[PDB]
Amino acid sequence: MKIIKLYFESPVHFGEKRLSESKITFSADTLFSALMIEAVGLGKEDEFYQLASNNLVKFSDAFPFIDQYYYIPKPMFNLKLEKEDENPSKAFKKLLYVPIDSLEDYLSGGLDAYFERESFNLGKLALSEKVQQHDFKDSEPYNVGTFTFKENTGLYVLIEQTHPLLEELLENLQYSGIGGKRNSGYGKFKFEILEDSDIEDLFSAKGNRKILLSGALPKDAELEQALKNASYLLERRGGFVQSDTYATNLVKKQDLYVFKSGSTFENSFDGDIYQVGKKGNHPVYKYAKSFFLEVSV
RNA sequence: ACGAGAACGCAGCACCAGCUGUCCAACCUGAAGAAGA
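The opening residue of the first sequence carries number 1 in PDB author numbering; numbering runs sequentially from there.
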């Protein structure tokens, strides 16, 4: 609908559990954490939480885009309707991201397996050997896993009904970086809200199977409804609370397990914004609302 | 309230030691002060 295209001017660290490795995309909870930190910066975190918790600003995570080819993580189809031909094997296993316009072609079969992966080339992971210099003690060598994008390549975020407050927050997020070592020379980007036309048709479509496009956790009421004929995958969303005004020390947060952003469901559920920091003096939130892409097998 | 925050790939270290721009080789060859002053 409103593809937010992020163009990075420096390698990024989007780490999953440790500093030595980086991954190529950031999730929607990472982006909501960044925007909430910005909103606390300019004093309107309450309105941002109200907007996001009232579904007025719901977004997917960051997917790759290459030369105006919007990519999506390989949807978790049950592949019950492809054993007749093609390769129902590890051929469709190294394939990580498929284009979002060619999903119905992929879903019905006929998309090349080998061709896509070499076609899908956006930069490469990098080592960044660093140290903590000590005058008389020994220096502390550490490395930061980073990732540099190509020239005409970056990440894109699906947002429904962009908001003036969200536009104000994304301007502030340009100059504070996104990702791991952003205060070091890594997090840096410029964005374009970039309304799009061939994409809004995919989300105005209909179909039996729904593709989850944001790492989401169902409410306790609809977990049973969503966990029926579903092909999902959990992932722990924890780590350390990034704030200088929380718990007067460096404390971890309650690990949250959410459905991955490639899972497929027959029942649409609306996730929740989860309180994962309670013992501290501000609400640490895990954005886990649901963003879907309905298809028909 | 971004698997986070904080963290110099940094410190010491002579592009240096030995080595004739030397050896051989002729500034050499060929050539009248006459003639009617």
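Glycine is no exception: its CB is placed at the ideal position from the N, C-alpha and C atoms.
Helix, strand or coil: how does DSSP classify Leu-6 here? strand
Keeping to the same chain, check which residues put their C-beta closer than 7 Å to that of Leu-165; ignore five residues upstream and five downstream. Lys-44, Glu-47, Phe-48, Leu-51
Any heavy atom of the ligand COA within a distance shorter than 7 Å of the CB on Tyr-142? This structure lacks the ligand COA, and indeed carries no ligand of any kind.
What are the boundary residues of the alpha helix (DSSP H) that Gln-254 is part of? Element bounds for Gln-254: n/a, residue is neither H nor E.
Would you check if there are 3 or more beta carbon pairs closer than 8 Å linking the region 77-92 to the region 269-278? no
Quick check on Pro-99: does DSSP put it in helix, strand or coil? strand
From what residue to what residue does the beta strand (DSSP E) around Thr-153 run? 153-160
Output the distance between the C-alpha atoms of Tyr-142 and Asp-220, rounded to the nearest integer angstrom. 42 Å
Using a threshold of 8 Å, state whether the C-beta atoms of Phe-265 and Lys-210 are closer than that. yes
Applying the criterion that 16 or more other CB atoms from any shown protein chain within 10 Å of the CB defines a buried residue, is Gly-109 buried or exposed? exposed
Where DSSP assigns a beta bridge to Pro-73, which residues make up the other side? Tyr-97
Reference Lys-124, options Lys-80, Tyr-246, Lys-137, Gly-145, closest by Cα: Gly-145
Grouping DSSP H, G and I as helix and E and B as strand, with all else coil, what is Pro-88? coil
Between the region 21-34 and the region 52-64, can you find at least three pairs of beta-carbon atoms closer than 8 Å? yes
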